[PDB]
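Notes for the one structure printed next.
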Amino acid sequence: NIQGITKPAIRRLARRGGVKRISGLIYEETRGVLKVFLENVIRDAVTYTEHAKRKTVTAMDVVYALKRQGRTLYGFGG
Amino acid sequence: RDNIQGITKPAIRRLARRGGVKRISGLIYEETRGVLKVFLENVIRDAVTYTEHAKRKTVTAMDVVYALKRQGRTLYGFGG
Amino acid sequence: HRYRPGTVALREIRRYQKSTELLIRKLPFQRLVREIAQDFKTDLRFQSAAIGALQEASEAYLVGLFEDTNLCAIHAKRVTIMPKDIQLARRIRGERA
Amino acid sequence: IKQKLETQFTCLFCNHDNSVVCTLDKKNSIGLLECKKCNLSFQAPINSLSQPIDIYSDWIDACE
Amino acid sequence: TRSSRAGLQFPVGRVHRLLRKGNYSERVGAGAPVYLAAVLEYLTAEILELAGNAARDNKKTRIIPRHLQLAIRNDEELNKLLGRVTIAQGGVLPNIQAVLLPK
Amino acid sequence: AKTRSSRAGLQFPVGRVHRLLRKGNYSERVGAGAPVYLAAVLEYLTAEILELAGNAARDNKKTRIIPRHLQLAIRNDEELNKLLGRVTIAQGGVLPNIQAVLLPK
Amino acid sequence: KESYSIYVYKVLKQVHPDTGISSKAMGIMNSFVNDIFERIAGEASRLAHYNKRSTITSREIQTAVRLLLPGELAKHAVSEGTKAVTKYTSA
Amino acid sequence: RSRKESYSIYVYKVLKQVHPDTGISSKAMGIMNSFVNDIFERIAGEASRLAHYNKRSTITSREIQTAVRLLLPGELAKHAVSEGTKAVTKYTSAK
DNA sequence: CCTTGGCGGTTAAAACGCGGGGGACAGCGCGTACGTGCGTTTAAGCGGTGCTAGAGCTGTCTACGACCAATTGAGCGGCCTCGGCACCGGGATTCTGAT
DNA sequence: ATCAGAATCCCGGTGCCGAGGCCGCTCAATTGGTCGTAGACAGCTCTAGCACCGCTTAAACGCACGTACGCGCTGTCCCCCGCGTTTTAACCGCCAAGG
Ligand SMILES: [Zn+2]
């Protein structure tokens, strides 16, 4: 489930962040905060698609939901 | 001139206490003054620009309200 | 023989500041996202480009939050991260009350 | 194992016939109708006895 | 075209159309889209000029988006502008806290 | 009922809101049910937050709501606090945050 | 230039009917109401332009209230709005 | 076939002006299109607020100028205002 | 003899493992910056008072803008080419630690 | 320092593929012509922003002085790095017997 997040993945996240030395409970804490993040994002994304009356969430709606959380991301037609 | 030095140490103390800060170091006060100054710089720049397009030589409360909404530090209370 | 610790990590920091390719690979991330949305609604075929968008935004988000957490720990007269550091950084940003 | 089946049903929206695909996931009791034309999707619960005519019937009642 | 008659490169009337369909006001003046188009033109000129220097750095001919993110993160005013902005295939500053460098 | 407010049984002027939408440059046309719907949402939000206002003002034996009451009632809520996260009230202050490392033990 | 004062008085008498209020409390309340109205309305305008719908009905308002307020507030607000739609539609 | 929009050819020409010997990737061209979108949207929103805090509904170039120097930081903004103003002169001086 | 299940094979990131080494944590001891008071000095605050830019507010005429038929070629959808990078082995070099 | 040797950099090489040229369309920019009121502007009026000062007083400043958290150091003990060893997610090729 949430345990599909591997330890070296969050380690690579530290590496692109540039972080050297790693503790223990970091892993489960990371999975939790990532979960709540995706929860709010995909909730309002599916809200957009609910108004769309269509069965597939658009990439557009993902982009606009990111704008709605003030998390504006370019690149994919937004 | 020098009203930047009009900031008093006991005022910074009072702000720390309502801020809940217990122990105060001595190398804090002018750093505080500089941060406060840069804050108010950006604020009053934007408010005066809003009044520049207003074509009125007096800035209103509403102007400052709109400008701080533009920064996203948005404050209620005085209407706007 | 055995190398002395800390070195390989920083060397791969210098390596991993280079390619902006996605760190979490696709299928498990996709399963996690699908298992999440399902909790909000059913029958929602995801555009794959939207999945890549979610992946990009999530990874950059977590990297930046790691950067602030790392600088918190550097301020904390230490080198290793702690979960309380993440709590401090989040408490500054204001996700949780 | 999932069952991906084509049907000869008409989509209730785009009206293209022989363009509704039914995906029946019995491991989780979730049936999925898909339109190969206009791209709409409809989900409904299925049992072990269900067939593409069972969820397509539930789709007719979900509209009306 | 008014853009050529303004001696510029962005299409005026497309912008004039989009100002109408944006519910941006009730009426739309004459040369406001010219001014806005020129603003856009100088902005993208400055951005992609720094991007061209970024490609000069790596000795690359085709612009990769990493060049774009780097040139955003180098200049001051541009990075303060696009603070809440991220880009797919972005990456970050190659940055090392030297207090974590070994001795 | 002549007035639409009496036809809605509510307390806000709807045609006010419809003119606000018209004098908004918001859409080109505005339907009939949207302004009623939005005004009802507004009325619910007022009553909901004024509940916490009433209890927070009643905490101090004072008939009148002060701004400090409003800030207290917001910060004592969860949904309203995450609502008003970028938001500051005039004459507000903040909560009592006395850390446990501070009391004389 | 109208404020919403007696509207607040009637809501207040419908909830805590023995409660006074200061002037500036009312001012902050109307600041609040205007902010909320502007945020919802602009988000609905985003719904229109992101969806190419040349007007706005109540369904857009429902999904926008979903997009702004979180869960419990959102569900109770949807309930109150649909109840108002019902009673106004009946007469 | 519905006709979709891009700004690719325009900024493409501008890139060819400022760097004749330079290629570009397609995704980055889309990124720049999104960039123009975002900047345009923030400007236009400031224009609508300019309208409503001025109780007027006409848009001239003066509002665009004050919008740009509200949004963008100073030195960059003043250079851009200079470019736009000289373009206003060169256009409106002729037809 | 031609189908739906029902098990079978690369490989590569992924989970153990130990050992230890270097980094996290309690103590130690000082010490020197800093709370606290107390008296001394100060400037802020409040209440009048002149008091005037100048905003706040009101007729008016226009030109620029809203809007409508031709037109038309630029902007756009499709096709097609080549040299620009993506990786690969060579080989050279530079960190890194044991020495 | 200092050598051996891992780790990485960096140089032809080729390949392949998409960026970019290119080319024939058609629909919105244009061009031109016709109402119209929004606003640029002139001007009226009274408010309020400003400046100033006298009186009151509470608030800041300087210092006297202890003192106690901040900090450098120490020892210590432990538990992540890392490299090794399987090992299983992930992903293509065969027996069931029922139809
Ligand atoms: Zn269909």
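Protein chains in written order, with the entry's author numbering: chain f, 25 to 102; chain b, 23 to 102; chain e, 39 to 135; chain M, 15 to 78; chain c, 16 to 118; chain g, 14 to 118; chain h, 31 to 121; chain d, 28 to 122.
Idealized CB from N, CA, C, for every residue including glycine.
Beta carbon proximity, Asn110 (chain c) to chain f, threshold 9 Å: Interface flag for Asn110 (chain c) against chain f is set, since a Cβ pair is found closer than 9 Å.
DSSP bridge partner residues for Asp31 (chain M) (one or two, in chain order): M:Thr24.
Contact with chain b by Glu73 (chain d), beta-carbon distance below 9 Å: True, the Cβ-Cβ gap to chain b drops below 9 Å.
Contact set for residue 122 (chain b): own chain, Cβ-Cβ below 8 Å, skip 5 residues either direction: The first residue shown for chain b is 23 and the last is 102, placing residue 122 (chain b) beyond what the model contains.
Beta-carbon gap between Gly28 (chain f) and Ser61 (chain d) smaller than 9 Å: One thing to note: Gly28 (chain f) has its Cβ no nearer than 9 Å to the Cβ of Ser61 (chain d).
Proximal residues of chain M, C-beta to C-beta of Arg131 (chain e) below 8 Å: Within chain M, no residue comes near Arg131 (chain e); the closest Cβ sits about 37 Å away, beyond 8 Å.
Pick from b:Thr30, b:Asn25, b:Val70 and b:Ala89 that is closest to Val81 (chain b), judged by C-alpha positions: When each option's Cα is compared against that of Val81 (chain b), the closest is b:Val70.
Cα-Cα separation between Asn68 (chain c) and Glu102 (chain d), rounded to whole angstroms: Straight-line Cα distance between these residues: approximately 20 Å.
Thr112 (chain d) and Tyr50 (chain c) closer than 9 Å at C-beta: The answer is yes: Cβ separation under 9 Å.
Buried/exposed call for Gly22 (chain c), threshold 16 Cβ in 10 Å: Exposed: under 16 other Cβ atoms inside 10 Å.
Residue environment, residue 9 (chain c), which counts as buried when at least 16 other CB atoms sit within 10 Å: Residue 9 (chain c) cannot be examined here, being either before or after the span of chain c that is shown, 16 to 118.
beta-carbon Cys77 (chain M) near ligand 1 non-hydrogen atom, thresh 8 Å: Checking every heavy atom of ligand 1 against the Cβ of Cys77 (chain M), none is found closer than 8 Å.
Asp81 (chain e): contacting residues in chain M (beta-carbon distance under 7 Å): For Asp81 (chain e), the neighbours in chain M by C-beta distance under 7 Å run, in chain order, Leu46, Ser55, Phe56 and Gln57.
Unbroken stretches of the alpha helix (DSSP H), 4 residues or longer, contained in the stretch 80 to 113 of chain e: The qualifying runs are 86 to 113.
Chain-ordered neighbours of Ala114 (chain e) on chain c, where CB pairs are closer than 7 Å: Going along chain c, no residue has its Cβ under 7 Å from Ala114 (chain e), so there is no contact; the nearest lies around 12 Å.
Per DSSP, the bridge partner or partners of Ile44 (chain M): In DSSP, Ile44 (chain M) forms a bridge with M:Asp39 and M:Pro59.
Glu110 (chain d) versus c:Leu55, c:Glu64 and c:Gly28, residue with shortest Cα-Cα distance: When each option's Cα is compared against that of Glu110 (chain d), the closest is c:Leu55.
Bridge-paired residues (DSSP) for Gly56 (chain f): Paired residues: none, contrary to the question.
Neighbourhood of residue 2 (chain c) by C-beta, 8 Å cutoff - its chain only, sequence neighbours within 5 removed: Since the displayed chain c opens at 16 and closes at 118, residue 2 (chain c) lies outside it and no answer follows.
Residue from h:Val45, h:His106, h:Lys43 and h:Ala71 whose Cα sits closest to the Cα of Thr87 (chain h): If we check each option's Cα against that of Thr87 (chain h), h:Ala71 comes out closest.
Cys36 (chain M) beta carbon near ligand 1 (any heavy atom closer than 8 Å): False, no ligand heavy atom lies under 8 Å from that Cβ.
Cβ pair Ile119 (chain e), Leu103 (chain e) closer than 9 Å: Their beta carbons are not under 9 Å apart, which means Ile119 (chain e) does not touch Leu103 (chain e) by this criterion.
Contact list for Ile58 (chain h) against chain b, beta-carbon separation under 7 Å: Near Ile58 (chain h) (Cβ distances below 7 Å), the residues of chain b are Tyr98 and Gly99.
Any non-hydrogen atom of ligand 1 closer than 8 Å to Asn32 (chain M) Cβ: Between ligand 1 and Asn32 (chain M), a heavy atom-to-CB distance of less than 8 Å is absent.
Under 9 Å between C-beta atoms of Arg88 (chain c) and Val107 (chain c): The beta carbons of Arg88 (chain c) and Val107 (chain c) sit closer together than 9 Å.
Rounded separation between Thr30 (chain b) and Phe67 (chain d) - CA only: Here the C-alpha atom of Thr30 (chain b) lies approximately 44 Å from the C-alpha atom of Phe67 (chain d).
Same chain, Cβ closer than 6 Å to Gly45 (chain M), neighbours up to 5 away in sequence not counted: Correct list, in chain order: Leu38, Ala58, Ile60 and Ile69.
Heavy atom of ligand 1 within 8 Å of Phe23 (chain M) beta-carbon: Placement of the Cβ of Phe23 (chain M) at a distance of 8 Å or more from every heavy atom of ligand 1 is found.
Endpoints, alpha helix (DSSP H) assigned at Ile66 (chain h): That run of the alpha helix (DSSP H) goes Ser53 to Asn81.
Cβ-based neighbour list, residue 13 (chain M), same chain, cut-off 6 Å, excluding 5 preceding and 5 following: Because chain M is modelled from 15 through 78, residue 13 (chain M) falls outside the range shown and cannot be assessed.
Own chain partners of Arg35 (chain g) with C-beta closer than 7 Å, once the 5 adjacent residues on each side are dropped: The beta carbon of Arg35 (chain g) is closer than 7 Å to those of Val43 in its chain, skipping five residues each way along the sequence.
Distance CB(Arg32 (chain c))-CB(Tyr118 (chain d)) smaller than 9 Å: No; because the gap between Cβ atoms is not below 9 Å, this pair is not in contact.
Proximity test, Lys77 (chain f) beta-carbon vs ligand 1 heavy atom, cut-off 8 Å: No, the Cβ of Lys77 (chain f) stays beyond 8 Å of every heavy atom of ligand 1.
Alpha carbon of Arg92 (chain f) to alpha carbon of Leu100 (chain e), nearest angstrom: Rounded to the nearest whole angstrom, the C-alpha separation of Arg92 (chain f) and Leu100 (chain e) is 19 Å.
Local conformation of residue 14 (chain d) per DSSP, three classes: An answer regarding residue 14 (chain d) cannot be provided, because it is not within the stretch 28 to 122 covered by chain d.
Any chain e beta carbon closer than 9 Å to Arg92 (chain f): Chain e contact via Cβ: absent.
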